[PDB]
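Dropping my_file.csv in here (CSV, N, CA and C atoms and all ligand atoms):
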chain,number,residue,atom,x,y,z
P,1,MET,N,0.8,-1.2,0.0
P,1,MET,CA,0.0,0.0,0.0
P,1,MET,C,0.9,1.3,0.0
P,2,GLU,N,0.4,2.3,-0.7
P,2,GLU,CA,1.1,3.6,-0.7
P,2,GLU,C,0.7,4.4,0.6
P,3,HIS,N,1.7,4.7,1.4
P,3,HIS,CA,1.5,5.3,2.7
P,3,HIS,C,1.4,6.9,2.5
P,4,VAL,N,0.1,7.3,2.5
P,4,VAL,CA,-0.3,8.7,2.4
P,4,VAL,C,-1.6,8.9,3.2
P,5,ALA,N,-1.6,9.9,4.1
P,5,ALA,CA,-2.8,10.1,4.9
P,5,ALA,C,-3.7,11.1,4.3
P,6,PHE,N,-5.0,10.7,4.3
P,6,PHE,CA,-6.0,11.6,3.8
P,6,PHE,C,-5.9,13.0,4.5
P,7,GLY,N,-6.0,14.1,3.7
P,7,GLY,CA,-5.8,15.4,4.3
P,7,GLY,C,-4.4,15.9,4.5
P,8,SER,N,-3.4,15.2,4.0
P,8,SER,CA,-2.0,15.5,4.3
P,8,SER,C,-1.7,16.9,3.7
P,9,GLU,N,-0.9,17.7,4.3
P,9,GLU,CA,-0.7,19.1,3.8
P,9,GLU,C,0.0,19.0,2.4
P,10,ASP,N,1.1,18.3,2.4
P,10,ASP,CA,1.9,18.1,1.2
P,10,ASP,C,1.3,17.0,0.3
P,11,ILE,N,0.0,16.8,0.3
P,11,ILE,CA,-0.4,15.6,-0.5
P,11,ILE,C,-0.2,15.8,-2.0
P,12,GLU,N,-0.3,17.1,-2.5
P,12,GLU,CA,-0.2,17.2,-3.9
P,12,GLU,C,1.3,16.9,-4.4
P,13,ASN,N,2.2,17.2,-3.5
P,13,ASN,CA,3.6,16.9,-3.9
P,13,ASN,C,3.9,15.4,-3.9
P,14,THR,N,3.5,14.7,-2.9
P,14,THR,CA,3.6,13.2,-2.8
P,14,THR,C,2.9,12.6,-4.0
P,15,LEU,N,1.7,13.0,-4.4
P,15,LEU,CA,1.1,12.3,-5.4
P,15,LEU,C,1.6,12.6,-6.8
P,16,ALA,N,2.5,13.6,-6.9
P,16,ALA,CA,2.9,14.0,-8.3
P,16,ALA,C,3.8,12.8,-8.9
P,17,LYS,N,4.4,12.0,-8.0
P,17,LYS,CA,5.3,11.0,-8.5
P,17,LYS,C,4.5,9.7,-8.8
P,18,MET,N,3.3,9.6,-8.5
P,18,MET,CA,2.5,8.4,-8.8
P,18,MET,C,2.1,8.2,-10.2
P,19,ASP,N,1.6,7.0,-10.5
P,19,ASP,CA,1.0,6.6,-11.8
P,19,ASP,C,-0.4,6.0,-11.5
P,20,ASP,N,-1.0,5.5,-12.6
P,20,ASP,CA,-2.3,4.9,-12.2
P,20,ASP,C,-2.1,3.7,-11.3
P,21,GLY,N,-1.1,2.9,-11.6
P,21,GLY,CA,-0.7,1.8,-10.7
P,21,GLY,C,-0.4,2.1,-9.3
P,22,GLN,N,0.4,3.2,-9.1
P,22,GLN,CA,0.7,3.7,-7.8
P,22,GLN,C,-0.5,4.3,-7.1
P,23,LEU,N,-1.4,4.9,-7.8
P,23,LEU,CA,-2.6,5.5,-7.2
P,23,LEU,C,-3.6,4.5,-6.7
P,24,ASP,N,-3.5,3.3,-7.3
P,24,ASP,CA,-4.3,2.2,-6.9
P,24,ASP,C,-4.0,1.7,-5.6
P,25,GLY,N,-2.9,2.1,-5.0
P,25,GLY,CA,-2.4,1.7,-3.7
P,25,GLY,C,-2.9,2.5,-2.5
P,26,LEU,N,-3.6,3.7,-2.8
P,26,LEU,CA,-4.0,4.6,-1.8
P,26,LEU,C,-5.1,4.1,-1.0
P,27,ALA,N,-5.2,4.5,0.3
P,27,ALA,CA,-6.2,4.1,1.3
P,27,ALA,C,-7.6,4.8,1.0
P,28,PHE,N,-7.6,5.7,0.1
P,28,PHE,CA,-8.8,6.6,-0.1
P,28,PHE,C,-9.0,6.8,-1.6
P,29,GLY,N,-10.1,7.4,-1.9
P,29,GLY,CA,-10.5,7.7,-3.3
P,29,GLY,C,-9.7,8.9,-3.7
P,30,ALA,N,-9.4,8.9,-5.0
P,30,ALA,CA,-8.6,9.9,-5.7
P,30,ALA,C,-9.1,10.0,-7.2
P,31,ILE,N,-9.4,11.2,-7.6
P,31,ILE,CA,-9.9,11.6,-8.9
P,31,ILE,C,-9.1,12.8,-9.3
P,32,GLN,N,-8.6,12.8,-10.5
P,32,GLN,CA,-7.9,13.9,-11.1
P,32,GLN,C,-8.7,14.4,-12.3
P,33,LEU,N,-9.0,15.7,-12.2
P,33,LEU,CA,-9.8,16.4,-13.2
P,33,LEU,C,-8.9,17.5,-13.8
P,34,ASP,N,-9.3,17.9,-15.0
P,34,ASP,CA,-8.7,19.0,-15.7
P,34,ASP,C,-9.6,20.3,-15.3
P,35,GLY,N,-9.2,21.4,-16.0
P,35,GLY,CA,-9.9,22.7,-15.7
P,35,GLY,C,-11.4,22.6,-16.1
P,36,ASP,N,-11.8,21.6,-16.8
P,36,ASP,CA,-13.2,21.5,-17.3
P,36,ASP,C,-14.0,20.5,-16.6
P,37,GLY,N,-13.5,19.8,-15.6
P,37,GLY,CA,-14.2,18.8,-14.9
P,37,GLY,C,-14.1,17.4,-15.4
P,38,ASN,N,-13.2,17.3,-16.5
P,38,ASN,CA,-13.0,16.0,-17.1
P,38,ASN,C,-12.1,15.1,-16.3
P,39,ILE,N,-12.4,13.8,-16.2
P,39,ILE,CA,-11.7,12.8,-15.4
P,39,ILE,C,-10.4,12.4,-16.2
P,40,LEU,N,-9.2,12.6,-15.6
P,40,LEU,CA,-7.9,12.2,-16.1
P,40,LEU,C,-7.4,10.9,-15.5
P,41,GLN,N,-7.8,10.7,-14.3
P,41,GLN,CA,-7.4,9.5,-13.5
P,41,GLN,C,-8.5,9.2,-12.5
P,42,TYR,N,-8.6,7.9,-12.1
P,42,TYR,CA,-9.6,7.4,-11.3
P,42,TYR,C,-9.2,6.1,-10.6
P,43,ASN,N,-8.9,6.2,-9.4
P,43,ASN,CA,-8.2,5.0,-8.7
P,43,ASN,C,-9.2,4.0,-8.3
P,44,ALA,N,-8.7,2.8,-7.9
P,44,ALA,CA,-9.4,1.7,-7.5
P,44,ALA,C,-10.3,1.8,-6.3
P,45,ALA,N,-9.9,2.8,-5.4
P,45,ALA,CA,-10.6,3.0,-4.1
P,45,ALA,C,-11.9,3.7,-4.4
P,46,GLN,N,-11.9,4.7,-5.3
P,46,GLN,CA,-13.2,5.4,-5.5
P,46,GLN,C,-14.1,4.4,-6.2
P,47,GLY,N,-13.6,3.5,-7.0
P,47,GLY,CA,-14.4,2.5,-7.7
P,47,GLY,C,-15.1,1.5,-6.7
P,48,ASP,N,-14.4,1.2,-5.6
P,48,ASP,CA,-15.0,0.3,-4.6
P,48,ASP,C,-16.2,1.0,-3.9
P,49,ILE,N,-16.1,2.3,-3.9
P,49,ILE,CA,-17.1,3.1,-3.1
P,49,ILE,C,-18.3,3.5,-4.0
P,50,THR,N,-18.0,3.9,-5.2
P,50,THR,CA,-19.2,4.3,-6.1
P,50,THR,C,-19.7,3.2,-7.0
P,51,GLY,N,-18.9,2.2,-7.1
P,51,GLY,CA,-19.1,1.1,-8.0
P,51,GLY,C,-18.7,1.4,-9.4
P,52,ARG,N,-18.1,2.5,-9.6
P,52,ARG,CA,-17.7,2.8,-11.0
P,52,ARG,C,-16.5,2.0,-11.4
P,53,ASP,N,-16.3,1.9,-12.7
P,53,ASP,CA,-15.1,1.3,-13.2
P,53,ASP,C,-14.1,2.4,-13.6
P,54,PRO,N,-12.9,2.4,-13.1
P,54,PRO,CA,-11.9,3.5,-13.3
P,54,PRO,C,-11.7,3.6,-14.8
P,55,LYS,N,-11.4,2.6,-15.5
P,55,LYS,CA,-11.0,2.5,-16.9
P,55,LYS,C,-12.2,3.0,-17.8
P,56,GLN,N,-13.4,2.9,-17.3
P,56,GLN,CA,-14.6,3.3,-18.1
P,56,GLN,C,-15.0,4.7,-17.9
P,57,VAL,N,-14.6,5.3,-16.8
P,57,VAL,CA,-15.0,6.7,-16.5
P,57,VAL,C,-14.0,7.7,-17.0
P,58,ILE,N,-12.8,7.2,-17.3
P,58,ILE,CA,-11.7,8.1,-17.8
P,58,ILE,C,-12.1,8.7,-19.1
P,59,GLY,N,-12.1,10.0,-19.2
P,59,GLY,CA,-12.4,10.7,-20.4
P,59,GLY,C,-13.8,11.4,-20.4
P,60,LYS,N,-14.6,11.2,-19.4
P,60,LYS,CA,-15.9,11.7,-19.3
P,60,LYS,C,-16.0,12.9,-18.3
P,61,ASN,N,-17.0,13.7,-18.5
P,61,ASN,CA,-17.2,14.8,-17.5
P,61,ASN,C,-17.7,14.3,-16.2
P,62,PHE,N,-17.0,14.8,-15.1
P,62,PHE,CA,-17.4,14.3,-13.8
P,62,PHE,C,-18.7,14.8,-13.3
P,63,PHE,N,-19.0,16.1,-13.8
P,63,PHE,CA,-20.2,16.8,-13.3
P,63,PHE,C,-21.4,16.7,-14.2
P,64,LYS,N,-21.2,16.5,-15.5
P,64,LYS,CA,-22.2,16.3,-16.6
P,64,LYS,C,-22.7,14.9,-16.6
P,65,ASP,N,-21.8,13.9,-16.7
P,65,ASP,CA,-22.2,12.5,-16.9
P,65,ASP,C,-22.0,11.6,-15.7
P,66,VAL,N,-20.8,11.3,-15.3
P,66,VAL,CA,-20.5,10.4,-14.2
P,66,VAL,C,-21.2,10.6,-12.9
P,67,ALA,N,-21.0,11.7,-12.3
P,67,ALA,CA,-21.6,12.1,-11.0
P,67,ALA,C,-22.4,13.4,-11.0
P,68,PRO,N,-23.6,13.4,-11.6
P,68,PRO,CA,-24.4,14.6,-11.6
P,68,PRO,C,-24.8,15.0,-10.2
P,69,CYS,N,-24.8,14.1,-9.2
P,69,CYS,CA,-25.2,14.5,-7.9
P,69,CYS,C,-24.2,15.5,-7.3
P,70,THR,N,-23.1,15.7,-7.9
P,70,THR,CA,-22.1,16.7,-7.5
P,70,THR,C,-22.3,18.1,-8.1
P,71,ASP,N,-23.1,18.1,-9.2
P,71,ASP,CA,-23.3,19.3,-9.9
P,71,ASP,C,-24.2,20.2,-9.0
P,72,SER,N,-23.5,21.1,-8.2
P,72,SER,CA,-24.2,21.9,-7.2
P,72,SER,C,-23.3,23.0,-6.7
P,73,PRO,N,-23.9,24.0,-6.1
P,73,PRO,CA,-23.1,25.1,-5.5
P,73,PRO,C,-22.2,24.6,-4.4
P,74,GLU,N,-22.6,23.5,-3.7
P,74,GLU,CA,-21.9,22.9,-2.6
P,74,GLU,C,-20.7,22.1,-3.1
P,75,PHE,N,-20.7,21.7,-4.4
P,75,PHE,CA,-19.5,21.0,-4.9
P,75,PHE,C,-19.0,21.6,-6.2
P,76,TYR,N,-19.8,21.4,-7.2
P,76,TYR,CA,-19.4,22.0,-8.5
P,76,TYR,C,-19.2,23.5,-8.3
P,77,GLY,N,-20.0,24.2,-7.6
P,77,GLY,CA,-19.8,25.6,-7.4
P,77,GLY,C,-18.5,26.0,-6.8
P,78,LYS,N,-18.0,25.1,-5.8
P,78,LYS,CA,-16.7,25.2,-5.2
P,78,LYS,C,-15.6,24.9,-6.1
P,79,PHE,N,-15.8,23.8,-6.9
P,79,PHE,CA,-14.8,23.5,-8.0
P,79,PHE,C,-14.5,24.6,-8.9
P,80,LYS,N,-15.6,25.2,-9.5
P,80,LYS,CA,-15.4,26.2,-10.5
P,80,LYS,C,-14.7,27.4,-10.0
P,81,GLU,N,-15.0,27.8,-8.8
P,81,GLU,CA,-14.4,29.0,-8.2
P,81,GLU,C,-12.9,28.8,-8.0
P,82,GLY,N,-12.6,27.6,-7.5
P,82,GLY,CA,-11.2,27.1,-7.3
P,82,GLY,C,-10.4,27.2,-8.6
P,83,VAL,N,-11.0,26.6,-9.7
P,83,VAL,CA,-10.4,26.6,-11.0
P,83,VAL,C,-10.2,28.0,-11.5
P,84,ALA,N,-11.2,28.8,-11.5
P,84,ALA,CA,-11.0,30.2,-11.9
P,84,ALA,C,-10.0,31.0,-11.1
P,85,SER,N,-9.9,30.8,-9.8
P,85,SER,CA,-9.0,31.5,-8.9
P,85,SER,C,-7.6,31.1,-9.0
P,86,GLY,N,-7.4,29.8,-9.4
P,86,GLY,CA,-6.0,29.3,-9.5
P,86,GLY,C,-5.5,28.7,-8.2
P,87,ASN,N,-6.4,28.5,-7.3
P,87,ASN,CA,-6.1,27.9,-6.0
P,87,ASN,C,-7.4,27.3,-5.4
P,88,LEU,N,-7.2,26.1,-4.8
P,88,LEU,CA,-8.3,25.3,-4.2
P,88,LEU,C,-7.9,24.4,-3.1
P,89,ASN,N,-8.4,24.5,-1.9
P,89,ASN,CA,-8.1,23.6,-0.8
P,89,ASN,C,-9.3,23.6,0.1
P,90,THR,N,-10.3,22.7,-0.1
P,90,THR,CA,-11.4,22.7,0.7
P,90,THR,C,-11.9,21.3,1.1
P,91,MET,N,-12.4,21.2,2.3
P,91,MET,CA,-12.8,19.9,2.8
P,91,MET,C,-14.2,20.0,3.3
P,92,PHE,N,-15.0,18.9,3.0
P,92,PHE,CA,-16.4,18.9,3.3
P,92,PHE,C,-17.0,17.5,3.3
P,93,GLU,N,-18.2,17.4,3.9
P,93,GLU,CA,-18.9,16.2,3.9
P,93,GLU,C,-20.0,16.2,2.8
P,94,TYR,N,-20.2,15.1,2.1
P,94,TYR,CA,-21.2,15.0,1.1
P,94,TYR,C,-21.8,13.6,1.1
P,95,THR,N,-22.9,13.4,0.4
P,95,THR,CA,-23.6,12.2,0.3
P,95,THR,C,-23.7,11.7,-1.1
P,96,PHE,N,-23.0,10.6,-1.4
P,96,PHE,CA,-23.1,10.1,-2.8
P,96,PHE,C,-24.4,9.2,-2.9
P,97,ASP,N,-25.2,9.6,-3.9
P,97,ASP,CA,-26.5,8.9,-4.0
P,97,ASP,C,-27.0,8.8,-5.4
P,98,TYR,N,-26.1,8.8,-6.4
P,98,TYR,CA,-26.6,8.7,-7.7
P,98,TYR,C,-26.5,7.3,-8.3
P,99,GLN,N,-27.6,6.6,-8.6
P,99,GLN,CA,-27.5,5.2,-9.0
P,99,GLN,C,-26.7,4.3,-8.1
P,100,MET,N,-26.7,4.7,-6.8
P,100,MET,CA,-26.1,3.9,-5.7
P,100,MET,C,-26.7,4.1,-4.4
P,101,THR,N,-26.3,3.3,-3.4
P,101,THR,CA,-26.8,3.5,-2.1
P,101,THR,C,-26.3,4.8,-1.5
P,102,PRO,N,-27.2,5.6,-0.9
P,102,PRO,CA,-26.8,6.9,-0.3
P,102,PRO,C,-25.6,6.7,0.7
P,103,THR,N,-24.4,7.1,0.3
P,103,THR,CA,-23.2,6.9,1.0
P,103,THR,C,-22.5,8.2,1.5
P,104,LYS,N,-22.3,8.3,2.9
P,104,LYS,CA,-21.7,9.5,3.4
P,104,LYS,C,-20.2,9.4,3.3
P,105,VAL,N,-19.7,10.5,2.7
P,105,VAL,CA,-18.2,10.4,2.5
P,105,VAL,C,-17.5,11.8,2.9
P,106,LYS,N,-16.2,11.8,3.0
P,106,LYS,CA,-15.5,13.0,3.2
P,106,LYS,C,-14.7,13.4,1.9
P,107,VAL,N,-14.9,14.6,1.4
P,107,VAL,CA,-14.3,15.0,0.2
P,107,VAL,C,-13.3,16.1,0.4
P,108,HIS,N,-12.1,15.9,-0.1
P,108,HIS,CA,-11.0,16.9,0.0
P,108,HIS,C,-10.7,17.3,-1.4
P,109,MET,N,-11.0,18.6,-1.8
P,109,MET,CA,-10.6,19.1,-3.1
P,109,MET,C,-9.3,20.0,-2.9
P,110,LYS,N,-8.4,19.8,-3.8
P,110,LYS,CA,-7.1,20.6,-3.8
P,110,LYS,C,-6.5,20.6,-5.2
P,111,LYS,N,-6.0,21.8,-5.5
P,111,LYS,CA,-5.3,22.1,-6.7
P,111,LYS,C,-4.1,21.2,-6.7
P,112,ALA,N,-3.7,20.6,-7.9
P,112,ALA,CA,-2.5,19.8,-7.9
P,112,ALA,C,-1.3,20.7,-8.2
P,113,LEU,N,-0.1,20.1,-8.2
P,113,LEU,CA,1.2,20.7,-8.4
P,113,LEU,C,1.3,21.1,-9.9
P,114,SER,N,0.7,20.2,-10.7
P,114,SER,CA,0.7,20.5,-12.2
P,114,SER,C,-0.3,21.6,-12.5
P,115,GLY,N,0.1,22.4,-13.5
P,115,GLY,CA,-0.7,23.6,-13.9
P,115,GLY,C,-2.2,23.4,-13.9
P,116,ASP,N,-2.7,22.6,-14.8
P,116,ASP,CA,-4.2,22.6,-14.9
P,116,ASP,C,-4.8,21.2,-14.5
P,117,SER,N,-4.7,20.9,-13.2
P,117,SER,CA,-5.2,19.6,-12.7
P,117,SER,C,-5.7,19.8,-11.3
P,118,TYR,N,-6.7,19.0,-11.0
P,118,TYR,CA,-7.4,19.2,-9.7
P,118,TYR,C,-7.6,17.8,-9.0
P,119,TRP,N,-7.4,17.8,-7.7
P,119,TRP,CA,-7.5,16.5,-7.0
P,119,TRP,C,-8.9,16.5,-6.3
P,120,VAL,N,-9.5,15.3,-6.3
P,120,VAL,CA,-10.7,15.0,-5.6
P,120,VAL,C,-10.4,13.8,-4.7
P,121,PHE,N,-10.1,14.0,-3.4
P,121,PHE,CA,-9.8,12.9,-2.5
P,121,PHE,C,-11.1,12.5,-1.7
P,122,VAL,N,-11.4,11.3,-1.6
P,122,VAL,CA,-12.6,10.9,-0.9
P,122,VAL,C,-12.4,9.7,0.0
P,123,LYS,N,-13.2,9.6,1.0
P,123,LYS,CA,-13.1,8.6,2.1
P,123,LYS,C,-14.4,8.5,2.9
P,124,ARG,N,-14.8,7.3,3.1
P,124,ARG,CA,-16.0,7.0,3.9
P,124,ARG,C,-16.0,7.6,5.3
P,125,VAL,N,-17.1,8.1,5.8
P,125,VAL,CA,-17.2,8.4,7.2
P,125,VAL,C,-18.6,8.1,7.7
P,201,LIG,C1,-22.7,12.2,-6.6
P,201,LIG,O1,-22.8,11.8,-7.8
P,201,LIG,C2,-21.5,12.0,-6.0
P,201,LIG,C3,-20.5,11.2,-6.3
P,201,LIG,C4,-20.2,10.3,-7.2
P,201,LIG,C5,-18.8,10.2,-7.5
P,201,LIG,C6,-18.3,9.3,-8.5
P,201,LIG,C7,-19.3,8.6,-9.2
P,201,LIG,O2,-18.8,7.8,-10.2
P,201,LIG,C8,-20.6,8.7,-8.9
P,201,LIG,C9,-21.1,9.6,-7.9
Give the structure from the file, written as structure tokens.
Amino acid sequence: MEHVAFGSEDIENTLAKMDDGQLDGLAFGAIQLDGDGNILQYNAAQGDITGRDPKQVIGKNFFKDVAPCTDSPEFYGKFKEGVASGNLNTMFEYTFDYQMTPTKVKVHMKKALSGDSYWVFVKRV
């Protein structure tokens, strides 16, 4: 397993060295999006939670297609502001409930080290 704690201050630095293979070792969900909400990476842990297939969601809009239950001021609203500002680091509780059992999780959004990429870290609570 890759030893990285959810909410770690330097998490964007640590994860810059990973690949899809290495990301699959994390204890929590991790989604990498571009400036437009498109999925660039999708680890095995978020798949265990949402039931999605990582390899099948890659390339689709996170907010439009895959997870419309996030299209909201509380989530998407926060993402867009972050993207436009060029900085993003917020943590909140959300309920995943689209075509799945209503699941309470902890969501950590943070801008990555790379120019135009954003992290979505998730964990059951
Ligand atoms: C609501 O849709 C919230 C979360 C979520 C995340 C990923 C996937 O694939 C579905 C739903």
What are the DSSP strand (DSSP E) residues of region 22-97 of chain P, as a list in words?
->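 So the strand (DSSP E) residues in region 22-97 of chain P would be residues 29, 30, 31, 32, 33, 39, 40, 41, 42, 89, 90, 91, 92, 93, 94, 95 and 96 of chain P.
Take atom N of residue 17 (chain P) and atom C of residue 40 (chain P): the distance between them is 14.0 Å.
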Return as an mmCIF file with N, CA and C atoms, in the frame of the given file the residues of protein, DNA or RNA that approach ligand LIG 201 (chain P) to within 8 Å, with all atoms listed in the file taken into account.
data_model
loop_
_atom_site.group_PDB
_atom_site.id
_atom_site.type_symbol
_atom_site.label_atom_id
_atom_site.label_comp_id
_atom_site.auth_asym_id
_atom_site.auth_seq_id
_atom_site.Cartn_x
_atom_site.Cartn_y
_atom_site.Cartn_z
ATOM 1 N N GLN P 46 -11.900 4.700 -5.300
ATOM 2 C CA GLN P 46 -13.200 5.400 -5.500
ATOM 3 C C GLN P 46 -14.100 4.400 -6.200
ATOM 4 N N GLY P 47 -13.600 3.500 -7.000
ATOM 5 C CA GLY P 47 -14.400 2.500 -7.700
ATOM 6 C C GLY P 47 -15.100 1.500 -6.700
ATOM 7 N N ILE P 49 -16.100 2.300 -3.900
ATOM 8 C CA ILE P 49 -17.100 3.100 -3.100
ATOM 9 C C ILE P 49 -18.300 3.500 -4.000
ATOM 10 N N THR P 50 -18.000 3.900 -5.200
ATOM 11 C CA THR P 50 -19.200 4.300 -6.100
ATOM 12 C C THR P 50 -19.700 3.200 -7.000
ATOM 13 N N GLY P 51 -18.900 2.200 -7.100
ATOM 14 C CA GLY P 51 -19.100 1.100 -8.000
ATOM 15 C C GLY P 51 -18.700 1.400 -9.400
ATOM 16 N N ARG P 52 -18.100 2.500 -9.600
ATOM 17 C CA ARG P 52 -17.700 2.800 -11.000
ATOM 18 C C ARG P 52 -16.500 2.000 -11.400
ATOM 19 N N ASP P 53 -16.300 1.900 -12.700
ATOM 20 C CA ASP P 53 -15.100 1.300 -13.200
ATOM 21 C C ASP P 53 -14.100 2.400 -13.600
ATOM 22 N N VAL P 57 -14.600 5.300 -16.800
ATOM 23 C CA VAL P 57 -15.000 6.700 -16.500
ATOM 24 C C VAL P 57 -14.000 7.700 -17.000
ATOM 25 N N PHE P 62 -17.000 14.800 -15.100
ATOM 26 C CA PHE P 62 -17.400 14.300 -13.800
ATOM 27 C C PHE P 62 -18.700 14.800 -13.300
ATOM 28 N N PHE P 63 -19.000 16.100 -13.800
ATOM 29 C CA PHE P 63 -20.200 16.800 -13.300
ATOM 30 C C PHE P 63 -21.400 16.700 -14.200
ATOM 31 N N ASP P 65 -21.800 13.900 -16.700
ATOM 32 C CA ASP P 65 -22.200 12.500 -16.900
ATOM 33 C C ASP P 65 -22.000 11.600 -15.700
ATOM 34 N N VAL P 66 -20.800 11.300 -15.300
ATOM 35 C CA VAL P 66 -20.500 10.400 -14.200
ATOM 36 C C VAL P 66 -21.200 10.600 -12.900
ATOM 37 N N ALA P 67 -21.000 11.700 -12.300
ATOM 38 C CA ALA P 67 -21.600 12.100 -11.000
ATOM 39 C C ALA P 67 -22.400 13.400 -11.000
ATOM 40 N N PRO P 68 -23.600 13.400 -11.600
ATOM 41 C CA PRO P 68 -24.400 14.600 -11.600
ATOM 42 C C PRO P 68 -24.800 15.000 -10.200
ATOM 43 N N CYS P 69 -24.800 14.100 -9.200
ATOM 44 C CA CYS P 69 -25.200 14.500 -7.900
ATOM 45 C C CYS P 69 -24.200 15.500 -7.300
ATOM 46 N N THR P 70 -23.100 15.700 -7.900
ATOM 47 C CA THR P 70 -22.100 16.700 -7.500
ATOM 48 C C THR P 70 -22.300 18.100 -8.100
ATOM 49 N N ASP P 71 -23.100 18.100 -9.200
ATOM 50 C CA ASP P 71 -23.300 19.300 -9.900
ATOM 51 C C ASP P 71 -24.200 20.200 -9.000
ATOM 52 N N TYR P 94 -20.200 15.100 2.100
ATOM 53 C CA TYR P 94 -21.200 15.000 1.100
ATOM 54 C C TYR P 94 -21.800 13.600 1.100
ATOM 55 N N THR P 95 -22.900 13.400 0.400
ATOM 56 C CA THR P 95 -23.600 12.200 0.300
ATOM 57 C C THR P 95 -23.700 11.700 -1.100
ATOM 58 N N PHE P 96 -23.000 10.600 -1.400
ATOM 59 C CA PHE P 96 -23.100 10.100 -2.800
ATOM 60 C C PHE P 96 -24.400 9.200 -2.900
ATOM 61 N N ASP P 97 -25.200 9.600 -3.900
ATOM 62 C CA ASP P 97 -26.500 8.900 -4.000
ATOM 63 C C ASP P 97 -27.000 8.800 -5.400
ATOM 64 N N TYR P 98 -26.100 8.800 -6.400
ATOM 65 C CA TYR P 98 -26.600 8.700 -7.700
ATOM 66 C C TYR P 98 -26.500 7.300 -8.300
ATOM 67 N N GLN P 99 -27.600 6.600 -8.600
ATOM 68 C CA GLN P 99 -27.500 5.200 -9.000
ATOM 69 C C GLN P 99 -26.700 4.300 -8.100
ATOM 70 N N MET P 100 -26.700 4.700 -6.800
ATOM 71 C CA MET P 100 -26.100 3.900 -5.700
ATOM 72 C C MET P 100 -26.700 4.100 -4.400
#
Skipping near chain neighbours, those fewer than 6 positions away, what residues fall within 8 Å of residue 13 (chain P) using all atoms listed in the file, listed as a compact mmCIF listing (two decimals) with N, CA and C atoms, in the frame of the given file?
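Output (part-v2.txt):
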# COMPACT_ATOMS: atom_id res chain seq x y z
N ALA P 112 -3.70 20.60 -7.90
CA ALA P 112 -2.50 19.80 -7.90
C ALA P 112 -1.30 20.70 -8.20
N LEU P 113 -0.10 20.10 -8.20
CA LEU P 113 1.20 20.70 -8.40
C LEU P 113 1.30 21.10 -9.90
N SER P 114 0.70 20.20 -10.70
CA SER P 114 0.70 20.50 -12.20
C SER P 114 -0.30 21.60 -12.50
Coordinates-based distance that separates CA of residue 93 (chain P) from atom N of residue 43 (chain P) (Å, one decimal) |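 About the pair atom N of residue 43 (chain P) and CA of residue 93 (chain P): they are 19.4 Å apart.
Neighbouring residues of residue 5 (chain P) at 8 Å or closer, counting only N, CA and C atoms and skipping chain neighbours under 5 positions away, are residues 11, 27 and 28 of chain P.
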For CA of residue 19 (chain P) and CA of residue 32 (chain P), determine how far apart the two atoms are, in Å to one decimal place.
->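 Interatomic distance here is 11.5 Å.
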Proximity to residue 117 (chain P) - best of P:18, P:72, P:36, P:23, all atoms listed in the file |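 Answer, going by the shortest atom-to-atom distance: P:36.
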Check the smallest atom-to-atom distance from each of P:1, P:109, P:31, P:125 to residue 83 (chain P) using only C-alpha atoms, then report the winner.
->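 The shortest atom-to-atom distance to residue 83 (chain P) comes from P:109.
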Residue among P:45, P:122, P:58, P:26 lying closest to residue 2 (chain P), counting all atoms listed in the file |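 The closest residue to residue 2 (chain P) is P:26.
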Using all atoms listed in the file, which residues sit within 5 Å of residue 34 (chain P) once same-chain residues fewer than 4 positions away are excluded, as a PyMOL selection string?
-> chain P and resi 38+116-118
Which residue, P:30, P:14, P:35, P:25, has the smallest gap to residue 106 (chain P) when you use only C-alpha atoms?
->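 The shortest atom-to-atom distance to residue 106 (chain P) comes from P:30.
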Near-residue 86 (chain P) list (10 Å; only C-alpha atoms; drop same-chain fewer than 2 positions) as a ChimeraX atom specification | /P:35,80-84,88,111,115-116
Among the residues P:37, P:59, P:105, P:44, the one that comes closest to residue 78 (chain P) [using only C-alpha atoms] =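 Answer, going by the shortest atom-to-atom distance: P:37.
When DSSP is run on the backbone, the residues of chain P that fall into alpha helix (DSSP H) are residues 11, 12, 13, 14, 20, 21, 22, 23, 44, 45, 46, 47, 48, 49, 50, 54, 55, 56, 57, 76, 77, 78, 79, 80, 81, 82, 83, 84 and 85 of chain P.
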